[PDB]
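Okay, so here's just one chain, in structure tokens, the form deposited in one PDB entry.
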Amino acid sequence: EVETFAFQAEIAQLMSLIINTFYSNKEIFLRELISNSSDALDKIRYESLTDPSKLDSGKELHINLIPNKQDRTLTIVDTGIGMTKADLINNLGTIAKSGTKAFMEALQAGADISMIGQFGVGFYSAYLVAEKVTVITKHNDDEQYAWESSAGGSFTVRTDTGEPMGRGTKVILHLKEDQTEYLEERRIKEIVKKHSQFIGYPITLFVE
């Protein structure tokens, strides 16, 4: 049963801003997604100190970057804390309202889109390069969910029946036709080295 939801208006306008503004420095999306993965890994690691069972769903803490030219996808996989249904449907959006407002204010004052992460809404920079984003996620005491949006003001959430994950998040970037440079090993390596070089977890770049 696929449920369809309307974004809060502020979030829909955030996504419209990212899709519509002329801004050539699109590669920062990867730093923002890798940074979110790293934070999610930090979180499960720390919580596991006071509740070691929380690693029963997988001890390994890492990030994979998986390009697939057949599907025109780039997937950022982590074994972090994952997200709950309540996260996906309501709670992330409620928080990102304030971040969106602060971000838009900073931009009018002369900030640029590369600073989006300072406002807690860097995930949406995925829409610099992706026409559609699918987020597969599994949090410990909850089911595996698939969230999906091509913007346009709505998103869907369904229980995922594809490959079970254990714990963590996959962000599947369905890249725009003119953004397939982010499927090339040389380009991804350049970007990781430039903007994600001190991440404290292994980042494996799959080959094709």
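Heads up, when I say rigid core I mean the largest set of C-alphas that superpose within 1.5 Å between the two forms. A residue's number is simply how far along the shown sequence it sits, counting from 1.
Although it is not shown, the form deposited in another entry is what the next lines describe.
S.K.: With the core superposed, a Cα shift of 2 Å or more between the shown form and the other one singles out one residue among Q118, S114, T73, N90. Which one is it?
M.R.: Going through each option, the one that shifts is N90.
S.K.: Taking the rigid core as reference, does the Cα of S57 move 2 Å or more between the shown form and the other one?
M.R.: It does shift by 2 Å or more.
S.K.: Relative to the form shown here, do the C-alpha atoms of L92 and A151 sit closer together or farther apart in the other entry, given a change of 3 Å or more?
M.R.: Those two alpha carbons end up closer in the other entry.
S.K.: Can you tell whether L55 sits closer to or farther from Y145 in the other entry than it does here, judged by CA atoms, where the change is 3 Å or more?
M.R.: Farther is correct, given that in the other entry the C-alpha spacing of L55 to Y145 is increased by at least 3 Å.
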